[PDB]
Amino acid sequence: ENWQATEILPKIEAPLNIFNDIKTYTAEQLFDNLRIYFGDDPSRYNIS
Amino acid sequence: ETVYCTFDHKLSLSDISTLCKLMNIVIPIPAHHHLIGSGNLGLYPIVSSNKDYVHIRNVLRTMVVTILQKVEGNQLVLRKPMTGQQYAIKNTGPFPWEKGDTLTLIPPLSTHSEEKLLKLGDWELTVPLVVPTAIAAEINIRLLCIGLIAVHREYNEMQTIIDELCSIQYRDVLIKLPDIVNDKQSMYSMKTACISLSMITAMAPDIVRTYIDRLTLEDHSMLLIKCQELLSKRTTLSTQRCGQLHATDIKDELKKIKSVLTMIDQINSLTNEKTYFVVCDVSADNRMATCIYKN
Amino acid sequence: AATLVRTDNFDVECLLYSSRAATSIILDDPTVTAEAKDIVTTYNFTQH
Amino acid sequence: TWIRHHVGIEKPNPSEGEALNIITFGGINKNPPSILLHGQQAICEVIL
Amino acid sequence: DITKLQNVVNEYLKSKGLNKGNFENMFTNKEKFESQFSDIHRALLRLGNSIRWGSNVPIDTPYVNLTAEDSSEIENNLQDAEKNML
Amino acid sequence: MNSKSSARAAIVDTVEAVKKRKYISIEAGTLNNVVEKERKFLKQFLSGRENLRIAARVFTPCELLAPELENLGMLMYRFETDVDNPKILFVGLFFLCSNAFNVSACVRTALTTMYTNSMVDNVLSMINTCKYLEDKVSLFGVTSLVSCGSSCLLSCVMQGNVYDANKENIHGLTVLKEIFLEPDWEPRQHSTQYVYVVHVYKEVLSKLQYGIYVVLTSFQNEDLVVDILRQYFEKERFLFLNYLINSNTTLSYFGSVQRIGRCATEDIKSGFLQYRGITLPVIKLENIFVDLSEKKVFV
């Protein structure tokens, strides 16, 4: 929900979290709620 | 040149999400025109309301292909394709696209158990299936076989022979052709197509007979020999009872040839299948592919 | 009798030494090219 | 058929035709073991 | 029937394909001419092509045709005709 | 008039039109934050409206590309395969003209001696065990950019003139001199001719043998070119009329023609290839605007 949001909005710059396997966290799905895109996406440009 | 489509009813959030899933697709359009409503978007204003399959095949040949580009707040941007240039097409059909394949539009295998991509107050959205050309030929031949053998009775293997027609396979993706036992959901009924084929195969031998029985003195030397062979191999006992015992009119022969040539240039639709797209590369996981547009 | 042969593949972390200025890289300023597929245009940076 | 049984092979003699050239053009393969607990293995053989 | 077979089959095969035996087609045009004795001379040479098409990699075979009992019955019929032409 | 001035004006207009197609004016607010590299890239800001040729990257096992890793510009053929691991496989025009029947025995053996290995032998066995040819292997385009790594990367042109990049050394289609022929009353009638590929089958008493022909003619109209090719092939057409009934192999025609694209009359030149010392005569078409039309069969 509201993915175009985090692709668009202001973002607070966070210090390095020092977490290994960011790709692995995602591909193993540690998180219930994630959206990824492998290559660049026009899905944030439609605002209805 | 672009085309705007504004829908007629309201849309649910799930419907707008369906469009965002379908943001690249081919849509046929009747009028080559800038502002089109959902009352004429798609192919359901033609199929299901008017003669089906062969006029549908002629119409899918003659409508305007137009691809979705972007969905606005509630409007559709459809860019119509120019010849010789690249576009991008998403994969809706079941058969896997590969590189260098030619693409064509077949009418949808109109089972009424489909998920009905939009269904907006007695209007629904139907797209043609983009498919490789080899499979399109194979699907056309299987449909004509089903429409031929569905009229015969008293085959006691009719269920298994219709099943062996309906099961086709192409690059490890099976599909069952939904024209089973004449459920009449959309059989498409193809009755002029089979009638036209059998008018051709019945009016052929006597027309080539009445032509070849004349002017052999001239040294054609190839045609006369070939027709005797070709005719007397299959129809080995040729013209015993003769029907009328050789009382023909030149006007009758005129009408025979004129009819048998009308049948061909009116089955022109099932004659050929044009290559609407030549796909150059295919993206990963076979979601969409960048192609070039031809014809 | 028999002599059963068997291979095994390991994981090794494996360190390296190299004396200084052993091998020179002569290189380019990176060049830019662009191709326009009509949904996404790819910009490619090459360097020799 | 007896030897394929008594060493544990089903579906014998993959073809005389197409699967000949297919296998000699590509690895034949097999379904993966459902449970695997220790990694990769293969053991060859010399008679002696 | 000799004219129908010799016309329709022989000339038109060697014209439609394998355009080298047109010298032999001039020979079979003179065979269509009423010079039967000289015509049936070299029926071996115009049988060799039938041998080539009945069996691949052409050999020489006996002059009467492929089926053995039909081959003997042809000769029996020819002796019957030679005894009683009428 | 002045003449020289107007000529310079037209040349400046063409160069500025090339820049208008190449770069894009930016109407971002364009503030002074960025580094100078991003500054000059935001001033230029290329897009790919400049090449206007359509290519495709392709991966092929390098055992099959024996002269074609050296001689840029070749027809290529997509062979789909029932092997899941590689679903498509790419094929040289010469690799398929080996077992084409038009090629004489000396040229056929000479090319084969180029093309002798285990992979190529297995692929030719697969092609022969295929029933027909034209819809198990198919036309794909014209070669540029051979990489020759482990699995060789081939670019291939679907449409436009044949060039990798820089629009320099625009390569040309290389056709084997034996396999091509131009059926028309006047060869090279007035101007630029259309180059076609004709697949013709033949049956020597047991199996089908294919033949790969390339025709060059001034006619654009496909009905006219199949009407001249029936007149060319009327004898063997007759032989297939006898074959296609007694056979049961799923094919329904004698051959098929498909357009490669344009050429130029003065851009036709002879020559020879050589790979591993085998001199091999070719007719090198020089500048080709590749334009694949549909396959059109004739029976």
# chains A, B, ... in the order shown; residues from 1 in each chain; ligands from 1

call {"tool": "interface_residues", "arguments": {"of": "chain B", "to": "chain F", "cutoff": "7 Å", "atoms": "only C-alpha atoms", "output": "PyMOL selection string"}}
result
chain B and resi 100+275+280-281

call {"tool": "write_last_selection", "arguments": {"atoms": "C-alpha atoms", "output": "mmCIF file, in the first residue's frame"}}
result
data_model
loop_
_atom_site.group_PDB
_atom_site.id
_atom_site.type_symbol
_atom_site.label_atom_id
_atom_site.label_comp_id
_atom_site.auth_asym_id
_atom_site.auth_seq_id
_atom_site.Cartn_x
_atom_site.Cartn_y
_atom_site.Cartn_z
ATOM 1 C CA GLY B 100 12.906 -13.553 -33.034
ATOM 2 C CA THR B 275 2.904 -10.879 -38.349
ATOM 3 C CA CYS B 280 13.487 -8.752 -30.658
ATOM 4 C CA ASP B 281 14.187 -9.310 -26.965
#

call {"tool": "interface_residues", "arguments": {"of": "chain B", "to": "chain E", "cutoff": "10 Å", "atoms": "only C-alpha atoms", "output": "PyMOL selection string"}}
result
chain B and resi 221-226+228-229

call {"tool": "write_last_selection", "arguments": {"atoms": "N, CA, C and O atoms", "output": "mmCIF file, in the first residue's frame"}}
result
data_model
loop_
_atom_site.group_PDB
_atom_site.id
_atom_site.type_symbol
_atom_site.label_atom_id
_atom_site.label_comp_id
_atom_site.auth_asym_id
_atom_site.auth_seq_id
_atom_site.Cartn_x
_atom_site.Cartn_y
_atom_site.Cartn_z
ATOM 1 N N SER B 221 1.511 -29.572 -72.167
ATOM 2 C CA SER B 221 2.393 -30.687 -71.825
ATOM 3 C C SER B 221 2.590 -31.034 -70.348
ATOM 4 O O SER B 221 3.207 -32.052 -70.039
ATOM 5 N N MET B 222 2.181 -30.161 -69.439
ATOM 6 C CA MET B 222 2.344 -30.475 -68.025
ATOM 7 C C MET B 222 1.023 -30.575 -67.277
ATOM 8 O O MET B 222 0.792 -31.520 -66.528
ATOM 9 N N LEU B 223 0.155 -29.595 -67.498
ATOM 10 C CA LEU B 223 -1.130 -29.543 -66.816
ATOM 11 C C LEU B 223 -2.066 -30.704 -67.117
ATOM 12 O O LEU B 223 -2.716 -31.226 -66.213
ATOM 13 N N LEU B 224 -2.141 -31.113 -68.379
ATOM 14 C CA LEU B 224 -3.044 -32.198 -68.739
ATOM 15 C C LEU B 224 -2.683 -33.517 -68.067
ATOM 16 O O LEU B 224 -3.558 -34.226 -67.573
ATOM 17 N N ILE B 225 -1.399 -33.849 -68.056
ATOM 18 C CA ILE B 225 -0.951 -35.081 -67.419
ATOM 19 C C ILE B 225 -1.151 -35.077 -65.909
ATOM 20 O O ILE B 225 -1.572 -36.072 -65.322
ATOM 21 N N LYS B 226 -0.851 -33.943 -65.287
ATOM 22 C CA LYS B 226 -0.961 -33.809 -63.838
ATOM 23 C C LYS B 226 -2.384 -33.949 -63.297
ATOM 24 O O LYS B 226 -2.596 -34.595 -62.274
ATOM 25 N N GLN B 228 -4.921 -35.600 -64.710
ATOM 26 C CA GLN B 228 -5.361 -36.995 -64.852
ATOM 27 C C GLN B 228 -4.875 -37.839 -63.684
ATOM 28 O O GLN B 228 -5.649 -38.573 -63.058
ATOM 29 N N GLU B 229 -3.587 -37.708 -63.375
ATOM 30 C CA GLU B 229 -2.959 -38.384 -62.245
ATOM 31 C C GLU B 229 -3.619 -38.020 -60.926
ATOM 32 O O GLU B 229 -4.059 -38.901 -60.178
#

call {"tool": "atom_distance", "arguments": {"atom1": "CA of residue 25 (chain B)", "atom2": "CA of residue 91 (chain B)"}}
result
8.0 Å

call {"tool": "interface_residues", "arguments": {"of": "chain C", "to": "chain F", "cutoff": "9 Å", "atoms": "only C-alpha atoms", "output": "NGL selection string"}}
result
:C and (32-37 or 41-43)

call {"tool": "closest_residue", "arguments": {"among": "C:45, C:1, C:40, C:7", "to": "chain B", "atoms": "only C-alpha atoms"}}
result
C:40

call {"tool": "closest_atom_pairs", "arguments": {"of": "chain D", "to": "chain C", "cutoff": "9 Å", "atoms": "only C-alpha atoms", "output": "JSON lines"}}
result
{"residue": "D:40", "atom": "CA", "partner": "C:8", "partner_atom": "CA", "distance": 8.1}
{"residue": "D:41", "atom": "CA", "partner": "C:8", "partner_atom": "CA", "distance": 7.6}
{"residue": "D:42", "atom": "CA", "partner": "C:6", "partner_atom": "CA", "distance": 6.5}
{"residue": "D:43", "atom": "CA", "partner": "C:6", "partner_atom": "CA", "distance": 4.7}
{"residue": "D:44", "atom": "CA", "partner": "C:5", "partner_atom": "CA", "distance": 5.4}
{"residue": "D:45", "atom": "CA", "partner": "C:4", "partner_atom": "CA", "distance": 4.8}
{"residue": "D:46", "atom": "CA", "partner": "C:3", "partner_atom": "CA", "distance": 5.4}
{"residue": "D:47", "atom": "CA", "partner": "C:2", "partner_atom": "CA", "distance": 4.8}
{"residue": "D:48", "atom": "CA", "partner": "C:1", "partner_atom": "CA", "distance": 4.7}

call {"tool": "write_last_selection", "arguments": {"atoms": "C-alpha atoms", "output": "PDB file, in the first residue's frame"}}
result
ATOM      1  CA  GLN D  40      27.114 -32.205  -2.775  1.00  0.00           C
ATOM      2  CA  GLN D  41      28.352 -35.742  -3.461  1.00  0.00           C
ATOM      3  CA  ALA D  42      29.504 -38.073  -6.283  1.00  0.00           C
ATOM      4  CA  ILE D  43      31.771 -41.133  -6.184  1.00  0.00           C
ATOM      5  CA  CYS D  44      33.393 -42.766  -9.200  1.00  0.00           C
ATOM      6  CA  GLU D  45      34.794 -46.255  -9.531  1.00  0.00           C
ATOM      7  CA  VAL D  46      37.817 -48.294 -10.627  1.00  0.00           C
ATOM      8  CA  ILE D  47      37.521 -52.045 -10.749  1.00  0.00           C
ATOM      9  CA  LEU D  48      40.586 -53.732  -9.282  1.00  0.00           C
TER      10      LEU D  48
END

call {"tool": "interface_residues", "arguments": {"of": "chain B", "to": "chain A", "cutoff": "12 Å", "atoms": "only C-alpha atoms", "output": "MDAnalysis selection string"}}
result
chainID B and resid 11 13 16:17 19:21 23:24 69:77 283:285

call {"tool": "residues_around", "arguments": {"residues": "residue 27 (chain D)", "least_positions_apart": "6", "cutoff": "12 Å", "atoms": "only C-alpha atoms", "output": "tab-separated table (two decimals) with C-alpha atoms, in the first residue's frame"}}
result
chain	number	residue	atom	x	y	z
D	19	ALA	CA	16.65	-38.19	-26.59
D	20	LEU	CA	19.90	-39.62	-27.96
D	21	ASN	CA	20.85	-36.30	-29.50
F	83	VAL	CA	16.04	-29.26	-24.75
F	84	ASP	CA	14.81	-27.10	-21.91
F	85	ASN	CA	18.33	-25.95	-21.01
F	86	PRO	CA	18.84	-24.03	-24.20
